[PDB]
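*Asks:* This is the structure I want to talk about, given as structure tokens.
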Amino acid sequence: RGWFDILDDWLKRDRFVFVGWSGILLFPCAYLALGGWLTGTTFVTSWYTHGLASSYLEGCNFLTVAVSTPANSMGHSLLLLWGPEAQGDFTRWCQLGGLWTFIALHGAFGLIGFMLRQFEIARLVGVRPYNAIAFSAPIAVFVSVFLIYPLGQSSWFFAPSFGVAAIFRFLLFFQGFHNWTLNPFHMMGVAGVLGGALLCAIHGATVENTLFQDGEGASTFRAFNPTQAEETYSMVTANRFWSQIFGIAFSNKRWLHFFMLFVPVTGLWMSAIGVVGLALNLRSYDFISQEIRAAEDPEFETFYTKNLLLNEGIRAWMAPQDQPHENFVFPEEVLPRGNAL
Amino acid sequence: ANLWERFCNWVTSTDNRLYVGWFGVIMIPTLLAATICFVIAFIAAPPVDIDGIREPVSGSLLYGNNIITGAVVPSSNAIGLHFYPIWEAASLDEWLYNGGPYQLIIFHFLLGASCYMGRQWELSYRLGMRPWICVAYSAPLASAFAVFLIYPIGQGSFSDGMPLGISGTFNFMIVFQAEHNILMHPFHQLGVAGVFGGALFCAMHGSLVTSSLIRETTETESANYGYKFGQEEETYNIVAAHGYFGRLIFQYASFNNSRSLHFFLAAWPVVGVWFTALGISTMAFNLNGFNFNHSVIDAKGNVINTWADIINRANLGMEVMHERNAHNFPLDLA
Amino acid sequence: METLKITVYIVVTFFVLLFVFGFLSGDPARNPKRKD
Amino acid sequence: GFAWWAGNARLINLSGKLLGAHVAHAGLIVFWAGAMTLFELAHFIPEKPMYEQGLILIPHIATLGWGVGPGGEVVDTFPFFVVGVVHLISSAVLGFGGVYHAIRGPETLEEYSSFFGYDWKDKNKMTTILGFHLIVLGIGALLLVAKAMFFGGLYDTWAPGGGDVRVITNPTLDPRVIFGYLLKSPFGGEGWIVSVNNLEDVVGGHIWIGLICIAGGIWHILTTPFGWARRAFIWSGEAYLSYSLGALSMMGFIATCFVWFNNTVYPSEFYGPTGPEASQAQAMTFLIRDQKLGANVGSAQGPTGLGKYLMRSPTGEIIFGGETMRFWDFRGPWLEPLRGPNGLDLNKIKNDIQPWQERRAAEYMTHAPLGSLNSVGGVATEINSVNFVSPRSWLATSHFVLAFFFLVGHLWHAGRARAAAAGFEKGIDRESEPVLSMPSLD
Amino acid sequence: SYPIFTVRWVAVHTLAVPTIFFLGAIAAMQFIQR
Amino acid sequence: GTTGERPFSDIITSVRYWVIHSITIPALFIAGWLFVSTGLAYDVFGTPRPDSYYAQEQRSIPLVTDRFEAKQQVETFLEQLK
Amino acid sequence: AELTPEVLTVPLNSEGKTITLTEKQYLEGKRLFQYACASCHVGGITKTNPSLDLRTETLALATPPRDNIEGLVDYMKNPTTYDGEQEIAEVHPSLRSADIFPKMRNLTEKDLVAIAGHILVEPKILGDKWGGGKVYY
Ligand code: CLA
Ligand code: CLA
Ligand code: CLA
Ligand code: CLA
Ligand code: HEC
Ligand SMILES: CC1=C(/C=C/C(C)=C/C=C/C(C)=C/C=C/C=C(C)/C=C/C=C(C)/C=C/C2=C(C)CCCC2(C)C)C(C)(C)CCC1
Ligand SMILES: CC1=C(/C=C/C(C)=C/C=C/C(C)=C/C=C/C=C(C)/C=C/C=C(C)/C=C/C2=C(C)CCCC2(C)C)C(C)(C)CCC1
Ligand SMILES: CC1=C(/C=C/C(C)=C/C=C/C(C)=C/C=C/C=C(C)/C=C/C=C(C)/C=C/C2=C(C)CCCC2(C)C)C(C)(C)CCC1
Ligand SMILES: CCCCCCCCCCCCCCCCCC(=O)O
Ligand code: OEX
Ligand SMILES: [Cl-]
Ligand SMILES: [Cl-]
């Protein structure tokens with residue numbers, strides 16, 4: 001009953017916001033990541049890294065503000081405040097993109113803290129740790145997209161900037177440059193996200209429309225007691241309904257709920273892997289057989305060839321402004337263009 | 001015991017392995033017609049002049065496509081929104097060239113899917129259930145109406161409806177982004193929120209229930225065998241689950257009422273998808289996403305670019321390249 | 001082609017009539033509780 | 001048994017308070033008609049076309065003949081002020097009756113008077129209220145006829161000389177024309193009732209529907225539903241609501257398409273050009289410009305081998321080329337002077353294009369119904385500068401959204417009415433679970 | 001009988017206080033003219 | 001289900017609560033306001049004022065192009081307007 | 001950078017005399033350009049005839065030269081084709097044709113100067129962008 005156990009007691013007390021040992025890592029880092037994002041989107045520019053306004057102070061709105069990535073010339077610098085780029089000068093640190101690494105790194109450590117919190121509370125309360133396990137999917141996506149991806153590329157510059165439209169720009173980049181929609185790891189992610197949303201809506205709807213009449217009122221919500229042992233809806237009527245509408249139906253509530261965990265978590269892990277490949281430009285860009293035929297046969301056209309012309313429009317039209325450090329100058333006569341437009 | 005009453009009793013029978021019902025009287029044929037034409041077209045249809053410029057697009061496996069690139073190609077721009085059944089062609093050869101199968105498939109499928117939603121009401125009624133599962137399915141169905149019918153109506157042509165193909169789906173969404181800046185449209189933003197959130201809440205609910213299953217099995221058997229079909233007792237401990245989740249956030253951010261929780265599970269994705277269906281359906285009438293192009297300028301009047309301007313650069317590259325031989329005039333007004 | 005058109009018209013009308021007359025044949029009464 | 005959030009469901013069997021709600025709500029609708037018009041008028045500037053100005057009520061009024069003259073020039077704004085004022089004043093009268101019945105009047109009506117009181121399950125009384133409202137509606141439709149035929153006429157975009165107000169003296173009575181619109185396919189080049197393209201047909205249809213509505217109103221006050229009808233429907237207030245939601249939904253979708261395609265009763269002088277119209281107008285604009293430079297627009301082969309300016313439609317008609325090939329079913333007053341029997345007539349095109357048609361094509365081309373949600377006009381890649389979104393995009397999108405949700409409302413209340421009527425809207429009786437008494441599927 | 005200052009109190013003001021300060025700054029911002 | 005803190009609905013319906021917070025809330029709003037209105041925010045964070053994105057006869061972006069001289073590069077750009 | 005008097009100084013006529021616009025003038029001319037002209041001339045191009053733009057260099061080669069306040073004011077009253085050979089009031093907004101172009105009705109002589117001045121100032125601010133089209137957006 002020495003000091004470590006006394007502190008344990010206090011961290012683990014039942015209060016409005018549970019703290020735990022995990023809170024020591026989580027609460028500073030989450031607060032700082034959030035704080036950094038609100039600070040930069042309110043007050044901080046991207047003039048010197050991107051040639052962009054990016055704060056409310058500058059004229060931007062909620063959709064176009066962003067904490068933008070550092071300049072390509074920073075490489076993968078940690079851009080510490082006390083480091084050799086900013087040399088303790090908070091102002092220069094801001095203008096150099098310091099808040100991007102600040103947010104990404106504290107965010108990373110916050111996510112570790114959050115997942116440790118799911119472990120810590122689960123242990124104290126006596127549950128199994130499947131929510132912590134399910135949260136690995138968010139972590140894998142964050143690390144693969146925000147950290148692994150730019151680490152394979154030339155710089156943090158090509159990571160996603162923290163902003164609504166900046167991320168929209170990230171999506172469009174990955175189409176024109178990586179042809180990411182043609183990637184089977186993205187496609188399984190899509191199936192996971194949409195499969196999860198479907199499961200979510202279809203499971204809630206089913207439960208709500210196979211309710212037992214447990215009260216006289218027309219609001220059926222009241223007719224639930226959280227301590228009742230009885231199932232509040234008929235699994236048997238639900239199973240007959242779906243067997244006859246769709247052919248197959250769940251029969252096991254445990255498998256049902258485990259499937260709901262499995263699908264969106266698997267989908268996100270899959271897409272994380274594809275992004276790892278794209279860190280290296282290891283893209284699912286082309287089908288070799290299509291290009292051989294199309295090169296030899298000017299009448300061969302597929303939706304595949306049509307989208308690559310779209311990708312080529314995007315690259316030539318967006319790269320000068322989106323990669324200012326490359327000093328691309330494309331005269332009018334080199335821009336790829338269809339007729340009239 | 002009357003012949004018609006016998007048929008009526010077979011139609012609505014709750015003892016059929018798949019329920020038929022009156023909606024199904026329409027659904028079975030129209031889905032069979034759509035499915036059969038689609039399978040045959042995906043495999044063997046010849047190239048279709050989707051944009052009406054005598055530039056046929058190959059979509060089928062036998063003409064050099066794989067699973068990812070294949071499509072049933074939309075019907076020709078030359079047809080517009082005109083009805084092009086088989087019997088309006090001089091020959092099947094002509095109907096194939098101009099994209100007739102696409103029209104056949106999408107009209108049967110939309111009918112059959114609409115009857116699918118009705119069939120869901122119908123069996124709910126015969127089984128003594130509550131009625132609103134079909135309301136959840138109206139979210140996906142409205143979304144299919146948007147990209148197959150409403151958007152073609154507003155733009156004037158089924159040639160701009162979504163292809164029945166994996167890569168054609170992508171073409172559609174790229175060209176939609178350049179003509180409508182859908183990413184900057186708040187209804188698409190809400191659909192992303194319905195779909196990300198639905199997946200999130202799917203995972204949450206499945207992990208919280210799975211976290212609080214009551215010990216009923218040994219280490220050497222799946223815990224699934226701890227639930228038996230039609231048992232009356234709950235198989236998990238929602239008070240344990242509420243106690244974890246409310247401490248993970250705080251108490252009043254966690255459900256302790258299963259009925260509210262499952263209703264929330266139903267409501268969130270259904271409504272975000274309604275909006276995103278509505279997003280496609282209103283961009284059908286060219287009420288496009290927010291435009292912040294050159295919205296920031298400096299004291300002199302120089303443009304100061306934002307990330308919206310960068311988006312615009314990408315959008316331009318999509319605009320100038322798409323349907324590259326189909327425009328003769330400077331504005332792509334539809 | 002006219003033969004085909006004839007056939008589809010007849011096939012379709014047939015199914016639409018099944019549907020209308022089906023639902024006019026006392027559908028409210030085809031439930032498991034209160035039939036009327 | 002309802003929660004605060006289903007609180008109006010408490011009014012189902014309170015016929016007097018429910019009258020208060022319906023009448024108070026009618027007053028909000030009249031209020032908005034009133035106030036929006038005064039707002040539109042306070043902002044209106046006549047040097048500018050209506051469609052550059054965000055107006056949707058003033059164009060409805062103009063279309064009825066009031067306040068406009070030849071070509072849609074606004075001549076006198078006082079009819080606009082009057083319509084808004086009168087609506088506005090009238091909403092206080094509706095507000096008063098409304099809150100009186102909802103707060104202070106008799107809570108239920110059936111004790112105070114057997115006439116105004118009703119039970120939803122009284123198939124005879126329900127059809128009588130329906131019959132009264134049909135008659136009212138028939139009167140409504142005749143008031144349009146009366147305006148067209150006896151009190152000034154209507155704006156006719158198709159009037160020779162640019163458009164003008166015109167009295168309608170031979171409304172179409174031929175049922176083959178009137179009901180023939182009801183049998184045209186909704187597809188391209190047909191357009192079901194949205195294709196109606198002259199006021200004679202508009203006015204004759206309203207004569208028909210006026211009489212039909214009065215006939216049927218009268219019919220339903222005198223009859224009770226026959227037995228097949230009795231056995232087909234649910235007879236409850238929520239079921240009746242669900243029927244009307246279905247109908248309003250269908251009607252909203254029809255209106256969406258009407259305002260998008262029809263330039264007759266939504267004149268383009270007032271509402272802006274249709275999508276097809278604007279697209280056609282661009283091909284006209286560059287045909288005109290290029291022919292003035294010496295191009296022979298009929299013999300100019302475009303890059304695809306199709307004509308650059310002119311090509312054939314799938315049934316032969318000479319039409320504009322480029323992507324607007326999709327839009328050849330378009331008809332409008334500025335373009336029809338160029339149509340011969342085979343479509344666009346090449347000799348008229350070379351010789352008889354008028355300055356006013358050149359102006360109109362340029363104007364419509366540059367006011368195509370494309371715009372951002374923050375009202376930046378033009379294609380989605382356009383820069384800021386022009387503050388414009390077509391009334392037709394505003395009216396199409398808004399009413400598609402309302403139509404959509406009213407279909408969802410129909411499903412909600414139709415399903416719920418069926419379940420309440422059968423006794424399981426609140427859930428499955430644990431002791432009498434239907435499935436547990438059926439054989440298993442396998 | 002309740003305490004005033006708690007862990008809860010700190011978490012609340014930790015978020016509430018700069019929120020308002022940030023709202024004030026962003027309100028002033030709508031009156032900047034180029 | 002309580003852990004002993006004063007209920008929120010108790011606090012914000014209380015007079016002492018509003019007596020303190022009708023001062024603290026406007027005072028912070030006002031501080032936030034003055035942070036911008038004085039121009040301090042621009043200097044603290046280095047954000048260009050509307051008149052200092054470009055030199056007058058200039059449309060090049062002042063882009064950082066070096067990792068270890070980046071700090072000097074920016075200063076060189078700032079003096080190129082004074 | 002800012003909107004100095006040098007940028008606000010533009011040729012008044014061919015003879016070489018100049019005039020310095022106030023910022024108020026410039027802003028008012030921009031607004032009147034949006035009200036009366038941008039539906040076809042957004043960004044300094046011409047949507048209904050892209051071969052002719054409002055770049056100073058194009059206006060200097062127009063007959064009557066239009067790269068000056070007087071040229072532009074006159075154009076808004078009696079527009080010609082680029083070579084001066086034919087008057088085009090019937091299809092181009094002008095005071096001469098405010099009957100058929102009603103937005104021109106309420107325009108005073110000083111409005112026209114503002115419009116004209118904005119046209120001449122704007123390429124000094126935006127350069128290639130002004131009249132360059134989507135390639136420069
Ligand atoms: C058009 C909108 C509309 C209308 C007309 C009504 C009308 C009605 N509601 Mg519904 N309701 C609505 C929206 C609406 N509601 C919404 C959005 C909600 C969700 C928040 C509810 C939730 C709700 C509940 C929970 C209940 C009702 C009830 C009622 C009825 C009784 C009201 C009563 O006793 O209150 C008394 C209210 C007051 C005394 C306060 C003052 C109200 C007055 C009318 C304000 C008028 C202001 C106006 C400027 C006056 C101009 C006067 C001039 C014209 C002379 C009444 C008929 C009740 C009911 O069904 O009873 C059985 C009931 O229980 N409603
Ligand atoms: C459809 C709407 C509606 C309906 C069904 C009712 C029905 C009723 N009201 Mg309510 N009421 C309404 C609207 C409505 N009212 C409005 C708009 C107001 C405010 C102006 C009132 C104010 C009101 C009061 C103050 C009282 C009632 C009472 C009554 C009851 C007795 C009616 C009676 O004896 O009059 C028989 C009928 C008449 C005297 C009507 C004369 C002919 C009318 C005025 C002309 C026709 C109108 C025309 C078709 C459309 C308007 C023109 C416009 C388009 C420009 C009855 C249940 C009484 C009650 O509840 O008992 C205590 C009562 O005291 N009503
Ligand atoms: C029901 C048929 C019908 C139709 C097709 C029209 C059509 C039209 N009307 Mg008329 N009108 C009607 C009824 C109708 N109106 C009635 C009853 C009234 C009195 C209330 C009026 C009063 C009126 C005025 C005052 C004006 C018009 C105007 C117009 C035109 C533009 C408005 C518009 O787009 O609405 C489109 C039409 C609809 C959305 C209605 C569609 C109804 C569908 C086809 C049938 C639904 C059946 C329903 C579900 C019930 C089923 C019963 C069940 C037992 C089977 C358009 C040509 C304007 C005009 O002509 O300007 C010159 C105008 O200013 N109308
Ligand atoms: C708001 C309008 C309205 C409403 C709600 C009703 C409601 C009703 N009517 Mg009345 N009716 C009305 C207007 C209306 N009527 C008018 C104006 C007339 C004069 C012509 C009639 C004439 C009338 C007669 C003569 C009869 C009714 C009957 C009935 C009852 C049965 C309705 C039924 O089965 O429909 C369901 C409809 C069907 C099963 C068949 C409809 C077939 C249509 C034409 C198919 C079209 C479908 C297509 C998708 C729509 C596109 C348009 C198409 C025409 C191209 C019901 C209470 C019946 C009754 O019991 O009376 C005592 C009856 O025999 N009504
Ligand atoms: C708002 C009052 C304005 C102003 C100031 C100008 N325009 Fe136009 N413009 C249009 C077309 C088709 C042309 C070419 C005419 C021809 O030569 O055939 C023009 C030309 C001009 C110029 C001259 C450009 C040059 O290089 O010499 C100028 C100075 C000019 N315009 C000014 C078309 C339109 C419109 C379409 C309806 C409208 C509106 C305007 N112009 C409006 C304006
Ligand atoms: C970075 C940094 C730091 C930190 C910082 C922080 C910590 C900050 C924080 C900050 C904050 C903390 C902020 C906040 C703000 C907030 C805001 C700005 C909000 C707003 C909101 C709103 C706007 C809302 C509204 C609304 C809407 C819109 C709708 C719905 C409703 C509502 C009401 C919600 C330090 C110092 C360490 C140093 C280094 C750097
Ligand atoms: C029942 C109820 C409700 C509702 C209510 C309502 C909805 C109401 C209505 C009401 C109304 C609906 C109102 C009205 C009013 C109006 C008015 C009162 C008007 C007046 C007018 C005037 C005064 C005029 C004047 C003028 C002139 C003459 C000229 C021009 C200018 C002017 C405008 C100035 C609620 C939900 C809340 C709650 C519960 C119950
Ligand atoms: C005015 C006008 C016109 C005319 C119009 C007309 C004359 C109208 C008609 C219309 C009509 C005449 C309509 C009708 C409709 C109907 C409907 C809409 C139906 C419904 C149905 C249903 C809904 C059913 C149901 C069912 C079934 C099927 C089964 C059994 C059960 C039940 C009953 C549920 C014109 C265009 C020339 C021009 C402009 C104006
Ligand atoms: C467990 C990790 C906690 C570490 C948190 C970081 C501590 C807070 C850092 C504050 C740094 C400010 C110093 C900047 C001035 C340095 C001057 C110089 O470059 O030599
Ligand atoms: O088709 Mn498919 O895409 Ca709707 O815009 Mn116009 O058109 Mn075509 O172009 Mn962009
Ligand atoms: Cl394409
Ligand atoms: Cl074209």
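Going by the structure tokens order, chains are called A, B, ..., each with residues numbered from 1, while ligands are numbered from 1 in the order shown.
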Could you please tell me, as a PyMOL selection string, which residues of chain E have an atom within 12 Å of chain B when using only C-alpha atoms?
*Replies:* chain E and resi 8+32-34
*Asks:* Let's have the selection written as an mmCIF file, in the first residue's frame, with N, CA, C and O atoms.
*Replies:*
```cif
data_model
loop_
_atom_site.group_PDB
_atom_site.id
_atom_site.type_symbol
_atom_site.label_atom_id
_atom_site.label_comp_id
_atom_site.auth_asym_id
_atom_site.auth_seq_id
_atom_site.Cartn_x
_atom_site.Cartn_y
_atom_site.Cartn_z
ATOM 1 N N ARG E 8 -14.293 16.583 -13.287
ATOM 2 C CA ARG E 8 -15.265 16.939 -14.311
ATOM 3 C C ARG E 8 -15.163 18.415 -14.640
ATOM 4 O O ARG E 8 -15.177 18.813 -15.817
ATOM 5 N N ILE E 32 -13.494 41.912 -41.055
ATOM 6 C CA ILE E 32 -12.298 42.232 -41.819
ATOM 7 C C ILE E 32 -12.673 42.441 -43.270
ATOM 8 O O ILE E 32 -13.362 41.610 -43.866
ATOM 9 N N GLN E 33 -12.215 43.549 -43.845
ATOM 10 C CA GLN E 33 -12.335 43.806 -45.270
ATOM 11 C C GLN E 33 -10.937 43.874 -45.880
ATOM 12 O O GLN E 33 -10.018 44.408 -45.271
ATOM 13 N N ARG E 34 -10.775 43.329 -47.076
ATOM 14 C CA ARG E 34 -9.496 43.406 -47.784
ATOM 15 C C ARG E 34 -9.243 44.813 -48.264
ATOM 16 O O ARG E 34 -8.142 45.129 -48.710
#
```
*Asks:* Show me, as a list in words, the residues that have an atom within 10 Å of residue 354 (chain D) when counting only C-alpha atoms, minus same-chain residues fewer than 5 positions from it.
*Replies:* residues 334, 337, 349, 359 and 360 of chain D
*Asks:* Could you list, as a PyMOL selection string, all residues that come within 9 Å of ligand 4? Count only C-alpha atoms and all ligand atoms.
*Replies:* (chain C and resi 20-21+24) or (chain D and resi 123+126-127+130-131+133-135+138+179+181-185+192+209-220+222-230+232-233+240+243-244+247)
*Asks:* Fewer than 6 positions away in the same chain doesn't count, so skip those; otherwise give me all residues within 10 Å of residue 17 (chain E), counting only C-alpha atoms, as an mmCIF file with C-alpha atoms, in the first residue's frame.
*Replies:*
```
data_model
loop_
_atom_site.group_PDB
_atom_site.id
_atom_site.type_symbol
_atom_site.label_atom_id
_atom_site.label_comp_id
_atom_site.auth_asym_id
_atom_site.auth_seq_id
_atom_site.Cartn_x
_atom_site.Cartn_y
_atom_site.Cartn_z
ATOM 1 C CA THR F 24 -16.753 35.036 -17.767
ATOM 2 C CA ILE F 25 -18.431 34.160 -21.076
ATOM 3 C CA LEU F 28 -13.660 35.606 -23.175
ATOM 4 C CA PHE F 29 -15.654 36.380 -26.306
#
```
*Asks:* Show me which residues sit within 10 Å of ligand 7 when counting only C-alpha atoms and all ligand atoms, and put them as an NGL selection string.
*Replies:* :D and (8 or 17-32 or 34-35 or 38 or 81-82 or 84-103)
*Asks:* Check every residue of chain G for an atom within 9 Å of chain F, counting only C-alpha atoms, and provide those that qualify as number ranges by chain.
*Replies:* G: 1-4
*Asks:* For ligand 11, list the contacting residues at 7 Å or closer, counting only C-alpha atoms and all ligand atoms, as an mmCIF file with N, CA, C and O atoms, in the first residue's frame.
*Replies:*
```
data_model
loop_
_atom_site.group_PDB
_atom_site.id
_atom_site.type_symbol
_atom_site.label_atom_id
_atom_site.label_comp_id
_atom_site.auth_asym_id
_atom_site.auth_seq_id
_atom_site.Cartn_x
_atom_site.Cartn_y
_atom_site.Cartn_z
ATOM 1 N N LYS A 306 -11.494 4.720 -70.888
ATOM 2 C CA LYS A 306 -12.092 6.042 -70.724
ATOM 3 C C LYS A 306 -11.657 6.665 -69.398
ATOM 4 O O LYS A 306 -11.292 7.842 -69.344
ATOM 5 N N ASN A 307 -11.606 5.883 -68.337
ATOM 6 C CA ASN A 307 -11.194 6.470 -67.058
ATOM 7 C C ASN A 307 -9.717 6.878 -67.051
ATOM 8 O O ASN A 307 -9.338 7.834 -66.351
ATOM 9 N N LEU A 310 -9.501 10.299 -68.258
ATOM 10 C CA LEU A 310 -9.883 11.153 -67.142
ATOM 11 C C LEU A 310 -8.728 11.351 -66.176
ATOM 12 O O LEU A 310 -8.452 12.477 -65.763
ATOM 13 N N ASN B 171 -16.425 5.603 -63.900
ATOM 14 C CA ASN B 171 -16.577 6.650 -64.896
ATOM 15 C C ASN B 171 -17.714 7.584 -64.503
ATOM 16 O O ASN B 171 -17.599 8.812 -64.521
ATOM 17 N N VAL B 175 -17.138 11.633 -63.702
ATOM 18 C CA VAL B 175 -17.761 12.666 -64.514
ATOM 19 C C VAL B 175 -18.809 13.419 -63.690
ATOM 20 O O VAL B 175 -19.051 14.602 -63.925
ATOM 21 N N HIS B 322 -13.467 14.227 -70.555
ATOM 22 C CA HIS B 322 -14.511 13.230 -70.671
ATOM 23 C C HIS B 322 -15.219 13.352 -72.023
ATOM 24 O O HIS B 322 -15.247 14.422 -72.650
ATOM 25 N N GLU B 323 -15.700 12.212 -72.516
ATOM 26 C CA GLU B 323 -16.417 12.141 -73.798
ATOM 27 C C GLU B 323 -15.754 13.033 -74.855
ATOM 28 O O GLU B 323 -16.380 13.909 -75.451
#
```
*Asks:* Quick one: residues within 6 Å of residue 365 (chain D), only C-alpha atoms counted, chain neighbours fewer than 3 positions away excluded, as a PyMOL selection string?
*Replies:* chain D and resi 278+281-282+361-362+368
*Asks:* Could you dump the residues just selected with N, CA and C atoms as a short mmCIF file (atom, residue, chain, number, x, y, z; two decimals), in the first residue's frame?
*Replies:*
```cif
data_model
loop_
_atom_site.label_atom_id
_atom_site.label_comp_id
_atom_site.auth_asym_id
_atom_site.auth_seq_id
_atom_site.Cartn_x
_atom_site.Cartn_y
_atom_site.Cartn_z
N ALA D 278 -31.82 25.76 -73.16
CA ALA D 278 -30.48 26.36 -73.12
C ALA D 278 -29.48 25.61 -73.97
N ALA D 281 -30.05 26.33 -77.45
CA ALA D 281 -29.70 27.71 -77.74
C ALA D 281 -28.22 27.86 -78.01
N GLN D 282 -27.37 27.09 -77.31
CA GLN D 282 -25.94 27.19 -77.60
C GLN D 282 -25.65 26.72 -79.03
N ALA D 361 -31.37 33.34 -78.26
CA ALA D 361 -30.48 32.19 -78.11
C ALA D 361 -29.29 32.53 -77.20
N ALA D 362 -28.64 33.69 -77.41
CA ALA D 362 -27.52 34.06 -76.54
C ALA D 362 -27.95 34.18 -75.09
N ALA D 368 -28.48 29.10 -68.75
CA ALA D 368 -28.80 27.69 -68.60
C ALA D 368 -28.98 27.38 -67.12
#
```
*Asks:* Using only C-alpha atoms and all ligand atoms, which protein or nucleic acid residues are at most 7 Å from ligand 6, as a list in words?
*Replies:*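 Result of the 7 Å neighbour search around ligand 6: residues 31, 32, 34, 35, 36, 38 and 39 of chain A; 15, 18, 19, 20, 22 and 23 of chain E.
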*Asks:* Would you output that residue set with C-alpha atoms, as a PDB file, in the first residue's frame?
*Replies:*
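Result file follows (result_29.pdb):
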```
ATOM      1  CA  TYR A  31      -6.576  17.487 -26.349  1.00  0.00           C
ATOM      2  CA  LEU A  32      -3.440  18.674 -28.155  1.00  0.00           C
ATOM      3  CA  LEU A  34      -7.831  18.622 -31.329  1.00  0.00           C
ATOM      4  CA  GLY A  35      -6.402  21.876 -30.022  1.00  0.00           C
ATOM      5  CA  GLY A  36      -3.786  22.033 -32.756  1.00  0.00           C
ATOM      6  CA  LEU A  38      -8.798  24.165 -34.158  1.00  0.00           C
ATOM      7  CA  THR A  39      -5.894  26.590 -33.649  1.00  0.00           C
TER       8      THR A  39
ATOM      9  CA  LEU E  15     -12.938  22.718 -23.596  1.00  0.00           C
ATOM     10  CA  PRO E  18     -11.116  28.495 -25.480  1.00  0.00           C
ATOM     11  CA  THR E  19     -14.272  27.617 -27.414  1.00  0.00           C
ATOM     12  CA  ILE E  20     -15.769  31.019 -26.462  1.00  0.00           C
ATOM     13  CA  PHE E  22     -12.244  31.227 -30.384  1.00  0.00           C
ATOM     14  CA  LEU E  23     -15.864  32.207 -31.122  1.00  0.00           C
TER      15      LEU E  23
END
```
